[PDB]
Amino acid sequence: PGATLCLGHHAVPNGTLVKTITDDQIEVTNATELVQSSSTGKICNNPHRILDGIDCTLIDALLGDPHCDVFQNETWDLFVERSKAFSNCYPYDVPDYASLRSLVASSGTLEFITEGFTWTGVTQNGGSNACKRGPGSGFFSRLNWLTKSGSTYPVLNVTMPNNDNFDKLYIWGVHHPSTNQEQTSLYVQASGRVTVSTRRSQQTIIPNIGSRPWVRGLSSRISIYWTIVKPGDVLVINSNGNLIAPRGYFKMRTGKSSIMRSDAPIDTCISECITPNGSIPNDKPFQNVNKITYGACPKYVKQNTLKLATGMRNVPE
């Protein structure tokens, strides 16, 4: 009379399915999820500096639309633009809007340094009823609407060297009147021109006269342009009409800053990874929440689940 000694392994009554080279579904004792598929629905306010745009786009805060004046001193790691944002100043467009938005977003600051441009023989500080400030007419805070002084608008010709060790961003514009009467009334000359240049590059813009649809009372428009001036380079602005002049420059940085479109509310919590749907944990290597992310994030994939087996094949009794 001897003995029996049986070797074996564990099992559980309710295993989990995983995929392999040979099987789309095979049962193992345990697995762990590699795709983050859910969010809190909220953007955590730490550890990244989140700036809620509320009613303002980044570009409107940059130009200085009055309802966006509260953003003047502001910095961010992530600027959040809301779908309810609206413009409420002179009607404008930005050729290459996307690029200007990107480069400002990436700089991470709206820090503005006033420069003493001398605009000889023109009237400064033009305003409009489309852009109210207090009881009167007003304008973008960072732009200077120049018009005739007396009966003349001379050739404006100014320079501003960059003797700092950072890049300067200059925002300027061109006014597009709706009629010839308004062109000559404001700028004397029948056709304006704006030429803004540095040592190696130049932008020359001709204004366009004509009737457009009415926005906040007006058929005229401003087109917004930008010029970056590097250390050791120099800005020159030359115009005989229609110049919407810079008041100064924005100090540029480089770093981790960006921008996101989202309607998710901001909350007091900690999350490295932010998506437009809200913050997500980053303990998993993949996520299926949103291809738009900011921070230390799982990589976006199309699968909503992927199981890594953490145990043997489950062969129940």
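The first residue of the shown sequence is 1; numbering continues from there.
Student: Which of the two stretches, 73-81 or 197-205, shows the higher mean Cα temperature factor in the record?
Tutor: Comparing 73-81 with 197-205, the higher mean C-alpha B-factor belongs to 197-205.
Student: Read off the CA B-factors in the entry, average them over 271-279 and over 25-33, and name the higher stretch.
Tutor: Looking at the recorded C-alpha B-factors, 25-33 comes out higher on average.
Student: Out of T120, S141, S107, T227, whose C-alpha atom has the biggest B factor in the entry?
Tutor: Answer, based on the entry's C-alpha B-factors: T120.
Student: Whose C-alpha has the highest temperature factor in the PDB entry: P91, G192, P231, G173?
Tutor: Top of the list by C-alpha B-factor: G192.
Student: Going by the CA temperature factor in the PDB record, which third of the chain does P246 belong to: lowest, middle or highest?
Tutor: Within its chain, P246 is a lowest-third residue by C-alpha B-factor, going by the deposited values.
Student: Going by the recorded CA B-factors, say which third of the chain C131 sits in, lowest, middle or highest.
Tutor: According to the entry, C131 has a C-alpha B-factor in the chain's middle third.
Student: For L306, return the chain-relative third of its C-alpha B-factor as stated in the PDB record: lowest, middle or highest.
Tutor: Middle third - that is where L306 ends up once the chain's C-alpha B-factors are sorted.
Student: Would you please rank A98 by its C-alpha temperature factor against the other modelled residues of its chain and give the third it falls in: lowest, middle or highest?
Tutor: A98: CA B-factor falls in the lowest third of its chain.
Student: So where's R221 on the chain's Cα temperature factor ranking, which third?
Tutor: Its C-alpha B-factor belongs to the middle third of this chain's values.
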